[PDB]
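Novice: Heads up: the protein sequence lines correspond to chains R and Z, in order.
Under the UniProt record's numbering, the first residue of the first sequence is numbered 141, with each subsequent residue one higher.
Under the UniProt record's numbering, the first residue of the second sequence is numbered 141, with each subsequent residue one higher.
Yeah, the Cβ is synthetic: ideal placement off N, Cα and C, and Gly gets one too.
The structure's right below; bear with me while I get my questions together.
2 protein chains.
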Amino acid sequence: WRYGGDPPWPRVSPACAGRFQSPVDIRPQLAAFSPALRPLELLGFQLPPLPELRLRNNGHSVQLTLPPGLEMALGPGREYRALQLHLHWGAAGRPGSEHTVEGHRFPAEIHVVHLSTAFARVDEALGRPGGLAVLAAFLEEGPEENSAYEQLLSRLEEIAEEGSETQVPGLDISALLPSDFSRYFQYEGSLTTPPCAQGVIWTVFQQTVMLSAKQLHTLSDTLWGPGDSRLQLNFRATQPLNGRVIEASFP
Amino acid sequence: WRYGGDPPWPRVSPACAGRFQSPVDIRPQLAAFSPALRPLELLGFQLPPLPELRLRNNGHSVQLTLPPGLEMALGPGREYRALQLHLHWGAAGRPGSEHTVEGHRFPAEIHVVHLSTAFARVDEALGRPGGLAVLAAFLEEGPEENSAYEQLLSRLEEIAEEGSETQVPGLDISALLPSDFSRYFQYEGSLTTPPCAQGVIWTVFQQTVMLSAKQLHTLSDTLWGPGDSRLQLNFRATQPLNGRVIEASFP
Ligand SMILES: CCCCCN1C(=O)c2ccc(S(N)(=O)=O)cc2S1(=O)=O
Ligand SMILES: CCCCCN1C(=O)c2ccc(S(N)(=O)=O)cc2S1(=O)=O
Ligand SMILES: [Zn+2]
Ligand SMILES: [Zn+2]
Numbered sequence: 141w142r143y144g145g146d147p148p149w150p151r152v153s154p155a156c157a158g159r160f161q162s163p164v165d166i167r168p169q170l171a172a173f174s175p176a177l178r179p180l181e182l183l184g185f186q187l188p189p190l191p192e193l194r195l196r197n198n199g200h201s202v203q204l205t206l207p208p209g210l211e212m213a214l215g216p217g218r219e220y221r222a223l224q225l226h227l228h229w230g231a232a233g234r235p236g237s238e239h240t241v242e243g244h245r246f247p248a249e250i251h252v253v254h255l256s257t258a259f260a261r262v263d264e265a266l267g268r269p270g271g272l273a274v275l276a277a278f279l280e281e282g283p284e285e286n287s288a289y290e291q292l293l294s295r296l297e298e299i300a301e302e303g304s305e306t307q308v309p310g311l312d313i314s315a316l317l318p319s320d321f322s323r324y325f326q327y328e329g330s331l332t333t334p335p336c337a338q339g340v341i342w343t344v345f346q347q348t349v350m351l352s353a354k355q356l357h358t359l360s361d362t363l364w365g366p367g368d369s370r371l372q373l374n375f376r377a378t379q380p381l382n383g384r385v386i387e388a389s390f391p
Numbered sequence: 141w142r143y144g145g146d147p148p149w150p151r152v153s154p155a156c157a158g159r160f161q162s163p164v165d166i167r168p169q170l171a172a173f174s175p176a177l178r179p180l181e182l183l184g185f186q187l188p189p190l191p192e193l194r195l196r197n198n199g200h201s202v203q204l205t206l207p208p209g210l211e212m213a214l215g216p217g218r219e220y221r222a223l224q225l226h227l228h229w230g231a232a233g234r235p236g237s238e239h240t241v242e243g244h245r246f247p248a249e250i251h252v253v254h255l256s257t258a259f260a261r262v263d264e265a266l267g268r269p270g271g272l273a274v275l276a277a278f279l280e281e282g283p284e285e286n287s288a289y290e291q292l293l294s295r296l297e298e299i300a301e302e303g304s305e306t307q308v309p310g311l312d313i314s315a316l317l318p319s320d321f322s323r324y325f326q327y328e329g330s331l332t333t334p335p336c337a338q339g340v341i342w343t344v345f346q347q348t349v350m351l352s353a354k355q356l357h358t359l360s361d362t363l364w365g366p367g368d369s370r371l372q373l374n375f376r377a378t379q380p381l382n383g384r385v386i387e388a389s390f391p
């Protein structure tokens, strides 16, 4: 499987043709306000410079491996530990976010992938409701160089070859996320690549994060994927809700 | 373990000392309206007379083992299958529901216990988020005789001994529940007996079921529990929410 044409994803993974896939188009007016949704809790995300973290070009994204002890709660007793994060992005002059808002695709999107602490292993959790939870944020263009993102973007040139990897200093993972942890959309969907396993709780922050134009260009223009090809437009098309109501934590 | 005596329940199952137990006191005023909560759907609940079901006095309740093919959806993609139902009751002039509403305990309560389709068996589901789901309804004294309930209650004399069981004709299991599947409370909780595992989605109907006074008397006055004593007041003490919000499917 690659982005941009065959093999068709259901022929790779029949799961990719399930009823409750991700990503989706968020339409705020149809989202259901649910006051039960409490502010996200993220502890342990402020990493010291040592030890160092693996940053890998895997041909589908750039992926940072997170150490044990990043703990996240979606609600009382509903806790998670962070595994990895990675980006989705477009190309020169084209947005590449996975989720969209009223049809708007954003320049890029960050995913932070967590495992329910009720499961010892990711593979127990795949397919199980709530087993995995992803935190997603939109990346937009802004006037300033983002210092937290720059720690990653300034290392992309060292892993430009598909399958290559570097070690980065520890950073504040929470500094990559939006201001307000109380404002988000939530629904249940899937991995957005094969194996397209369902039961994934998606939390999309209402607020975006801002990168410079140079920074965004760096993200789309630096990396090389499968073939002799450019790692770009690494996003799945939005998928039908098929009866799912997207919930929101704010009126 | 018994209702009232030894051993203490945390000695049996550590999980019985979790923060997020059931049952709870439903305060409808503090409940969060959640328009995402749609009407529950049941498939396969209208059973024919054969094959027969096992109904058992297990010393703590009367439990009807349910057959395969009883499917229940909490919403799009939240699919379950019924395992069993059982009842909780009081005594003469003493109410015996497990849940209470604004402190009010009802004469009795029915539980339909279900397993998430993501799990092959209960011990995999225990402690996992959304692994089990209980539909719960209160039974109240009413003027007419409930004929759905008469089917089961007329067979109780046969299982008066603790640990005894009988076979009973299949019936419309859905007729044991309220007719309104759209007005309900929902919260995350625990099993109300050891192992008291959390991760359980409780759905408590707003509409009640009506039994006659004879019926309620049959229920509470027929069966015998451990030792020389009657099986009565077979309900756990209300448990503090500990910061959980109960959702309501209605404003
Ligand atoms: C045993 C590991 C298999 C699962 C690992 N994962 C993926 O394949 C995969 C694919 C896509 C995403 S995204 N776009 O956040 O949804 C996340 C993951 S994953 O859980 O780390
Ligand atoms: C491997 C253990 C099997 C557990 C089976 N079950 C219980 O122990 C237990 C205890 C309490 C309830 S109630 N009162 O509705 O919450 C339901 C069940 S159960 O799932 O059938
Ligand atoms: Zn992703
Ligand atoms: Zn029960």
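Can you give me the C-alpha to C-alpha distance between Z:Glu-290 and Z:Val-253, rounded to a whole angstrom?
Specialist: Within the second sequence, numbered from 1, the residue matching residue 290 of chain Z stands at position 150. Within the second sequence, numbered from 1, the residue matching residue 253 of chain Z stands at position 113. Approximately 21 Å, taken between the alpha carbons.
Novice: Could you check whether the Cβ of R:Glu-290 sits closer than 8 Å to any Cβ belonging to chain Z?
Specialist: Taking the first sequence and counting its residues from 1, the one referred to as residue 290 of chain R is at position 150. So no, R:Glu-290 is outside the interface.
Novice: In whole angstroms, what is the alpha-carbon distance linking residue 402 of chain R and R:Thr-348?
Specialist: Here chain R covers residues 141 to 391 and nothing more, so residue 402 of chain R does not appear.
Novice: Relative to the C-alpha of Z:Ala-276, which candidate in Z:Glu-305, Z:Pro-309, Z:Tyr-327 has its C-alpha closest?
Specialist: As a working note, residue 276 of chain Z is residue 136 in the second sequence. Among Z:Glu-305, Z:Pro-309, Z:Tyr-327, the Cα nearest to that of Z:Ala-276 is on Z:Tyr-327.
Novice: Is Z:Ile-250 helix, strand or coil by DSSP?
Specialist: Counting from 1 along the second sequence, the entry for residue 250 of chain Z is found at position 110. Z:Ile-250 falls in the strand class under three-state DSSP.
Novice: Measure the CB-CB distance between R:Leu-210 and R:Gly-310 and report whether it falls below 8 Å.
Specialist: In the first sequence, residue 210 of chain R corresponds to position 70, counting from 1. In the first sequence, residue 310 of chain R corresponds to position 170, counting from 1. Cβ distance not < 8 Å, so R:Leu-210 and R:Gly-310 don't count as in contact.
Novice: Alpha carbon to alpha carbon, how far is Z:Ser-256 from Z:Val-344?
Specialist: As a working mapping, residue 256 of chain Z is identified with position 116 in the second sequence. As a working mapping, residue 344 of chain Z is identified with position 204 in the second sequence. Going by the C-alpha atoms only, they are around 18 Å apart.
Novice: Does DSSP classify R:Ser-389 as helix, strand or coil?
Specialist: Reading the first sequence from its first residue, position 249 is the one you call residue 389 of chain R. Three-state DSSP puts R:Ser-389 in coil, outside helix and strand.
Novice: Which whole-angstrom value is the C-beta distance of Z:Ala-300 and Z:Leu-359, which I expect to be below 8 Å?
Specialist: Here residue 300 of chain Z refers to the residue found at position 160 of the second sequence. Here residue 359 of chain Z refers to the residue found at position 219 of the second sequence. Actually they do not touch by this definition, with Cβ atoms about 12 Å apart.
Novice: Looking at chain Z, which residues of the segment 205-229 of chain R have a Cβ within less than 8 Å of any of its Cβ atoms?
Specialist: The residues in question are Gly-215, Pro-216, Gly-217, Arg-218.
Novice: What are the partner residues of R:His-228, as DSSP defines its beta bridges?
Specialist: Stepping through the first sequence from its first residue, residue 228 of chain R is reached at position 88. R:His-228 is bridged to R:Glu-249.
Novice: Going along chain R, which residues have a C-beta under 8 Å from Z:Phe-160?
Specialist: Translated into the one-based positions of the second sequence, residue 160 of chain Z becomes position 20. Result: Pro-216, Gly-217.
Novice: Is the number of C-beta pairs between the segment 159-167 of chain Z and the segment 363-373 of chain Z that are closer than 8 Å three or more?
Specialist: Too few Cβ pairs lie closer than 8 Å, so no.
Novice: What is the residue span of the alpha helix (DSSP H) that Z:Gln-355 lies within?
Specialist: One-based indexing of the second sequence puts residue 355 of chain Z at position 215. That run of the alpha helix (DSSP H) goes 353-361.
Novice: So which residues of chain R does Z:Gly-270 contact, with C-beta pairs closer than 8 Å?
Specialist: Taking the first residue of the second sequence as position 1, residue 270 of chain Z is located at position 130. Those within 8 Å of Z:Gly-270 in chain R are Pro-269, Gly-270.
Novice: Count the other C-beta atoms from every protein chain shown that fall within 10 angstroms of the C-beta of R:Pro-148, then say buried if there are 16 or more, exposed otherwise.
Specialist: Counting from one through the first sequence, the residue named residue 148 of chain R turns up at place 8. Exposed is the call here.
Novice: Kindly indicate the opening and closing residues of the beta strand (DSSP E) around R:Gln-346.
Specialist: By 1-based counting over the first sequence, the position of residue 346 of chain R is 206. Looking at the DSSP string, R:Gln-346 is not in any beta strand (DSSP E), and its letter there is neither H nor E.
Novice: Using a Cβ-based criterion (distance less than 7 Å to any ligand heavy atom), does Z:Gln-224 qualify as near ligand 2?
Specialist: Stepping through the second sequence from its first residue, residue 224 of chain Z is reached at position 84. Answer for Z:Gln-224: yes, Cβ within range of ligand 2.
Novice: Which chain R residues sit within Cβ distance under 9 Å of Z:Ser-256?
Specialist: Along the second sequence, read from residue 1 onward, the residue named residue 256 of chain Z stands at position 116. Residues of chain R passing the Cβ test: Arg-268, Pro-269.
Novice: Taking Cβ positions only, does Z:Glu-181 come closer than 8 Å to chain R?
Specialist: Taking the first residue of the second sequence as position 1, residue 181 of chain Z is located at position 41. Output row for Z:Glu-181: interface = no.
Novice: Under a criterion of Cβ closer than 5 Å to any non-hydrogen atom of ligand 1, which residues qualify, in chain order?
Specialist: Answer in sequence order: R:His-251, R:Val-253, R:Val-262, R:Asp-263, R:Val-274, R:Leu-331, R:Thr-332, R:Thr-333.
Novice: Who are the near neighbours of R:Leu-356 in its chain, counting only those whose CB is closer than 8 Å to its CB and skipping five residues on each side?
Specialist: Within the first sequence, numbered from 1, the residue matching residue 356 of chain R stands at position 216. The residues are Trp-229, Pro-247, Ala-248, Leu-279, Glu-281.
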